[PDB]
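One chain is shown next in structure tokens, namely the form deposited in one PDB entry.
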């Protein structure tokens, strides 16, 4: 999201989040959802138009900003963005920082992109919130990306593989509650950016007293290192997740892909011949427990006597 702040008291010492839409910037304008009062006498009544476009699909992957158009509204001394005079028909930008000088006013409005990308757990939640966050200038998606700052989880029953994986990846996880809170509060955030709903606070509220979450994601990392497992095709994101637990991962496909070679190189089979089988949900529940290694090892040796 685009956030503007300024030196002096020309924006009253409040930072503004500039969501998609259009803003008439000037001295003779009252602050509302489409209007930004800048407090300087040497600035036109209506000086500039700030137009923030919607994110494109690409913006989710690159972490890149929404297009920021600047237009000069027939002022005596012009508008400069990044020491370049804004021409007629306007200038537009996809750089992550902008320094906006408005006429003969030495206090620059500094625009910066605070990166926020919300990946979703699930296509149906993505369908629900797509437009809503598109208009809020937050790039959204299903796939994995290095731009992703937040994860929306589904909540229910057991948590999904995608939630487990995001958790261990050290990503901030989030509800529709957060998304609802963001939308009811949007207007206030335009007028003061410190009033942006703290995502981290919502995340901490999720982990608190939650049986489907361990006490820290850090303590799960390499917790099952030294163990081998074999698993199906099922989820690239489950493969990636069990690697984070330190598991040596073997990949099988059919019933009789379990040879003699597999048995001796594998401690357990990840699912969903008489051997040790586990679903990802059950493995997670073992990881929630304080004695993860021991539990697995005790069931491994116990199975050895059975056979």
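In this text, rigid core is short for the largest set of C-alphas that superpose within 1.5 Å between two forms. Numbering follows the first chain given and starts at 1.
Note that the form deposited in another entry isn't included here; everything after this is about it.
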**Request:** After superposing the two forms on their rigid core, pick out the one entry in 34, 279, 62, 56 with a CA shift of 2 Å or more between this form and the one not shown.
**Result:** 279
**Asked** Aligning on the rigid core, do we see the C-alpha of residue 45 shift 2 angstroms or more between this form and the one not shown?
**Response** no
**Prompt:** Any CA movement of 2 Å or more for residue 103 between this form and the one not shown, core superposed?
**Reply:** no
**Message:** Please determine whether the C-alpha atom of residue 194 is displaced by 2 Å or more between this form and the one not shown following superposition on the rigid core.
**Reply:** yes
**Message:** Since the Cα-Cα distance for residue 31 and residue 193 shifts by 3 angstroms or more in the other form, is it a contraction (closer) or an expansion (farther)?
**Reply:** farther
**Message:** At a change of 3 Å or more, would you call the C-alpha separation of residue 236 and residue 127 in the other form closer or farther than in the form supplied?
**Reply:** farther
